[PDB]
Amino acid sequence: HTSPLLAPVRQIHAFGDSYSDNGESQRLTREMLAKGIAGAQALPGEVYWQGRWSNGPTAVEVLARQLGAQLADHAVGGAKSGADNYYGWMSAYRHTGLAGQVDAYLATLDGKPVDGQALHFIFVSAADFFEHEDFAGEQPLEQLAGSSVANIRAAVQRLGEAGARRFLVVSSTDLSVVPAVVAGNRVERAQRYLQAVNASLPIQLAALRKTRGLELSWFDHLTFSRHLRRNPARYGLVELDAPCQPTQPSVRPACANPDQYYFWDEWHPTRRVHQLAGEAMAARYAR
């Protein structure tokens, strides 16, 4: 039996990575390029919609629309769970990881309290895995997952310390079906990492929720994607594996029917999947 819906939401503060970013990586990389920061690149790039790492709004943007909430989206594409980014060259200008987004949010309150009614939305950890795989991190995956979990728990604790009371934390996504992971022959590594994060993180968050009297909702993105991918026609999806917009090894013309595709590029879902995800996340809350 379902439990009572949570109270309505009028303001979201979002923290996370390319699965949430609604323009920050674009703004920050333009700033870095202007300053001549060594190794800077324009992100996300030309085959993306209005600075989102997709062809349309991210899940948290759709969540805000569904709930009748204003969104302050602090998320930065590439953000790790700790202080820094997949893009190592950003650290010279800004710490854009979850920990750095939390520091910047708390430092910019301008003598105002944290809004105890605002939903603090956290969606991070994929970049920890992509960085470890792409640049040969030596940490065993079980230790990398434990660091991801610790970093997310520390973020919730630090936001709660400052006055936050309401959270929605998203699980790891199914990294094991990401086209770049499939192409890297890294399906089993992704499965082991995401299972370690998803078993441990909700245990840690439940303990913290009780200790600090928080309203903290857990969104299991893996259950969500397994249901979509097992029953795609129900959702109007046709292609679950091929990116609509190939970028590796080079950019090729986009598919004609992007709303029938799961993946936009080799790492990121389409606007259609972000829409279903944001509707699914909204299901725990009253409008």
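Numbering starts at 1 and runs along the sequence shown.
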item	value
Per the entry, higher mean C-alpha B factor between 80 to 88 and 137 to 145	137 to 145
Greater mean Cα temperature factor according to the PDB record, 37 to 45 or 61 to 69	37 to 45
Residue of maximum C-alpha B factor among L175, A107, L98, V197, per deposited coordinates	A107
Selection by C-alpha B-factor (highest) of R189, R153, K112, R165	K112
Third of the chain's Cα B-factor distribution that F130 belongs to, per the entry	middle
Where the record places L216 (Cα B-factor, split into thirds across the chain)	highest
Where the record places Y235 (Cα B-factor, split into thirds across the chain)	highest
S225 - which third its CA temperature factor falls in, relative to the rest of the chain	lowest
